[PDB]
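Undergrad: Give me a model of this one.
(2 chains, ligands or ions: 1)
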Number of protein chains: 2
Amino acid sequence: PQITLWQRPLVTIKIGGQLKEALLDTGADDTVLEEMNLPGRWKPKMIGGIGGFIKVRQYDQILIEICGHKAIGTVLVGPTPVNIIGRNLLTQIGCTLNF
Amino acid sequence: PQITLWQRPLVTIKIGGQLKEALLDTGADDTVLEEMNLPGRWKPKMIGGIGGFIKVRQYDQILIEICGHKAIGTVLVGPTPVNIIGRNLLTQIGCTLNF
Ligand SMILES: COc1ccc(CN2C[C@H](O)[C@@](CCC(C)C)(c3ccc(S(C)(=O)=O)cc3O[C@@H](C)CO)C2=O)cc1
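TA: Numbering: from 1, shown residues only, chains lettered A, B, ... in the order given. The coordinates are given below.
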């Protein structure tokens, strides 16, 4: 699909069998979701947002469906204001910017 | 153009007689640039997200040239870690997400 930017580019994602709303974010290198339960082990990561840095939990090889497109990749979990789909997964679903 | 998301989508912008590098950010409501003076009146604003909030100066009806395309809108100036072109100007140059 083609998504315009007059409103926030919010889409439905599915992860762990549950639907969530998330922001398609070309400014985000990585994908970060609000506190939730994911399987396996995690590693520490620091990410820098508009306001400064925060600690998040990095989970690898996680199954996540984004607007119907299946991806498997790295998902970070931490105190984000909104669920964010970053470039690591936008590339998996074939997303580009066009004008 | 069609801009890949393999790397950060950085472009050259022209604003207030200066050439700068900026990030095309679909996750940003606003356009935020590093400290600089702009013409006209300004008012303080707080913007935030991951890391917390930062105080910026809001200038309205500012002309920017983004990758060849002229656009007019609100520009925020303050201690952003990177120059960001947000949705308020991305719409004006006809920028969309496509997959
Ligand atoms: C490494 O992986 C991640 C890094 C940061 C984030 C959180 N994000 C992504 C948004 O593109 C960004 C960009 C911040 C910029 C310095 C790289 C952002 C910019 C402007 C605005 S604004 C105030 O203009 O709307 C909001 C915004 O993100 C919020 C939605 C969440 O913080 C941010 O803070 C994620 C992953």
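Undergrad: partners of the lengthiest strand in chain A, with directions?
TA: Criterion DSSP state E: the longest strand present in chain A is strand A:52-66. Sheet partners assigned to strand A:52-66 using DSSP bridges are listed as strand A:10-15 (antiparallel), strand A:43-49 (antiparallel), strand A:69-77 (antiparallel).
Undergrad: Could I get those in JSON lines, plus columns for mean neighbour count and distance to residue B:20?
TA: Yep, even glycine has a C-beta here, placed from its N, CA and C like the rest. Below are these laid out as JSON lines (neighbours: other Cβ atoms under 10 Å in any protein chain shown; distance: least, Cβ to Cβ, whole Å):
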{"stretch": "strand A:10-15", "mean neighbour count": "17", "distance to residue B:20": "29"}
{"stretch": "strand A:43-49", "mean neighbour count": "14", "distance to residue B:20": "19"}
{"stretch": "strand A:69-77", "mean neighbour count": "18", "distance to residue B:20": "29"}
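Undergrad: Which stretch among those approaches the ligand most closely?
TA: Using Cβ to the nearest ligand atom as the measure, strand A:43-49 is the one of the strands paired with strand A:52-66 that comes nearest the ligand, at 3.1 Å.
Undergrad: picking that back up, for the longest strand of chain A, buried residues please.
TA: By 16 or more other Cβ atoms under 10 Å in any protein chain shown, the buried positions in strand A:52-66 come out as A:54, A:56, A:57, A:58, A:59, A:62, A:64, A:66.
Undergrad: quick one: which of these is nearest residue B:70?
TA: residue A:66 (33.0 Å; Cβ to Cβ).
Undergrad: Show me what the closest residue to the closest one other than its chain neighbours is bridged to.
TA: Nearest residue to residue A:66 in three dimensions, chain neighbours excluded: residue A:13, at 5.0 Å (Cβ to Cβ, 6 or more residues apart in numbering or on different chains). On the basis of DSSP bridges, residue A:13 takes part in beta bridges with residue A:20, residue A:66.
Undergrad: coming back round to it: okay if I get the strands paired with strand A:52-66 as CSV plus distance to the ligand?
TA: What follows is those, written out as CSV (distance: least, Cβ to the nearest ligand atom, whole Å):
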stretch, distance to the ligand
strand A:10-15, 11
strand A:43-49, 3
strand A:69-77, 7
